[PDB]
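Novice: First, the structure itself, so that you have it in front of you.
Bear in mind that the values in this text are calculations on the coordinates, not laboratory data. Because the Cβ atoms are built from the backbone with ideal geometry, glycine has one as well, and the counts that use them run over all protein chains shown.
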Amino acid sequence: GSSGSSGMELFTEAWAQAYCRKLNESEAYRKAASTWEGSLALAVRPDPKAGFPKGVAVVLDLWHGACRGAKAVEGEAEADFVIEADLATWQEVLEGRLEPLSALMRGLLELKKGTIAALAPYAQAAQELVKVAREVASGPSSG
């Protein structure tokens, strides 16, 4: 059992670092993406409704399934795989109703860096990533 919802700011250093450290615990995940070797960044389209006229970019350096380091940068970030999309589309995935890869494949998201041909082998590993992603989300601060 678990709950969350409520709150405007979601892509914050806290959530980034927390979601990065929470994975290292998910043995199952590490074992799954124990082959992956790179970094991932979740960019969000610039919008006032959230307070980001330039957009936010959360890094997620994943090392063989084991997190390496996360950092939140508003604007121009840096990662082997950068995906930018509407905050609304990004939420769905986190809510568990949508998927990270299925979204970018359906035409919802869009990878600016890296390539999709690299997600071929890492198409399932996502299920593990998102899984933990939710665990973190619960309620860091009222706001």
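Novice: Can you classify the stretch 37-136 as rounded, prolate or oblate using the Cα gyration tensor, where a ≥ b ≥ c are the square roots of its eigenvalues, rounded means a/c under 1.5, and otherwise it's prolate if a/b beats b/c and oblate if not? If you can, show how the numbers build up before the last one.
Specialist: Details: a/c = 1.43, a/b = 1.25, b/c = 1.14.
It comes out rounded by the Cα gyration axes.
Novice: Let me ask you something else. Calculate the spin-label point distance for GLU76 paired with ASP47, positioning each point 7 Å from the Cα along the beta-carbon direction, and give it in nanometres.
Specialist: Each label point lies 7 Å from its Cα, and together they span 2.5 nm.
Novice: Also, quick follow-up: Say each of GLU92 and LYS31 gets a label point 7 Å from the Cα, pointing the same way as Cα to Cβ; how far apart are those two points in nm?
Specialist: 3.2
Novice: Still on this structure, I have one more. Which residues does the label zone of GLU135 cover in the stretch 20-43, counting backbone N under 16 Å from a point 7 Å along Cα→Cβ?
Specialist: The answer is 20-34, whose backbone nitrogens lie closer than 16 Å to the label point.
Novice: Given a Förster distance of 30 Å, report the FRET efficiency between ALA118 and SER2 from their Cβ-Cβ distance, rounded to the nearest 0.05. Walk me through the numbers on the way to the answer.
Specialist: Details: r = 31 Å, r/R0 = 1.04.
Step by step, r from the Cβ atoms, then E = 0.45.
Novice: Using modelled backbone amide H atoms (1.01 Å from N, in-plane), which distant-in-sequence or interchain residues come within less than 5 Å of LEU98's amide H?
Specialist: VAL93
Novice: Using the Cα gyration tensor of the stretch 15-78, with a ≥ b ≥ c the square roots of its eigenvalues, what is the shape: rounded (a/c below 1.5), prolate (a/b larger than b/c) or oblate (neither)?
Specialist: Prolate is the answer for the stretch 15-78, as a/c is 1.5 or above and a/b outweighs b/c.
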